[PDB]
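Overview (structure and organization)
What follows is the residue order along each chain.
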Amino acid sequence: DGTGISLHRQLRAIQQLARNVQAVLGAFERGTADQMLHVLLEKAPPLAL
Amino acid sequence: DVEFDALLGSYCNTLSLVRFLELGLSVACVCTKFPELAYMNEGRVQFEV
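Residues numbered from 1 in each chain as written, not as in the entry; some residues may be left out. Chains lettered and ligands numbered in written order. Part of a larger assembly, values for the part shown. Heavy atoms only, no water. Residues with missing side-chain atoms left out of burial classes, pairs and counts.

Header annotation of the entry names cryo-EM as the structure determination method and lists the resolution as 3.1 Å.

Structure below.
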């Protein structure tokens, strides 16, 4: 509506968006490393054996 | 015999626009524009006598 109220809470929106997008992209950098050890775990046989 | 039928005129009016401000009612009210009435919750005026 043009009122400053709409401005600030829009910042909060742009803010929260940037924070989740930031969070899910890094989920693939950890996903990978986790993906590894598990794929490393699926593949891996114990030492004892 | 030569005949015709004619449109002898076309009339329109003017829709007239009144302003609350050119009125005497406007003395019975203080008017202010408050674009955030949407975002308000409870407004209050308080008096002392």
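To continue, consider the overall build of chain B. Helix and strand content of chain B: 0 helices and 0 strands. For chain B, the spread of C-alpha atoms along the three principal axes comes to 90 × 30 × 10 Å. (Helix = DSSP H or I, 4+ residues; strand = E, 2+ residues; numbered from the N terminus.)

Let's shift gears to the overall build of chain A. The number of helices and strands found in chain A is 1 helix and 0 strands. Expressed as lengths along the three principal axes of its C-alpha atoms, the size of chain A is roughly 70 × 10 × 10 Å.

With that settled, consider the side chain of A:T3. With respect to the helices, strands and loops of the structure, A:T3 is situated in the segment before α1 (4-43). Judged by relative accessible area, which is 7%, A:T3 ranks as buried. Setting aside chain neighbours within four positions, we find A:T3 in contact with B:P35, B:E36 and B:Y39. (Buried < 20%, exposed > 50% of the residue type's maximum accessible area, 1.4 Å probe, protein only. Contact = heavy atoms within 4.5 Å.)

Moving on, we get to a nonpolar patch on the surface. A cluster of nonpolar side chains, A:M36, A:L37, A:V39, A:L40 and A:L41, forms an exposed patch at the surface whose accessible area comes to about 420 Å². By secondary structure assignment, the location of A:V39 is in helix α1. (Patch = residues over 30% accessible without salt bridge, like charges linked within 9 Å, V, L, I, M, F, W, Y side chains within 5 Å. Areas by Shrake-Rupley, 256 points an atom, 1.4 Å probe, with all protein chains shown as cover. Salt bridge = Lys/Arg side-chain N within 4 Å of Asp/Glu carboxyl O.)

This part takes up the state of the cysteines. Think of a disulfide as a covalent bridge from one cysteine sulfur atom to another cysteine sulfur atom. Within the structure shown, the criterion is met by 0 disulfides over all chains. Here B:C31 stays unpaired: no disulfide links it, and the sulfur of B:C29, its closest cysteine neighbor, is 3.2 Å away. (Disulfide = S-S within 2.5 Å.)

All names here are of chain A. Structurally, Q10 can be placed in helix α1. Classification of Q10 by relative accessible area gives partly exposed; the value is 46%. As a C-alpha pair, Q10 and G26 span 16 residues in sequence and 25 Å in three-dimensional space.

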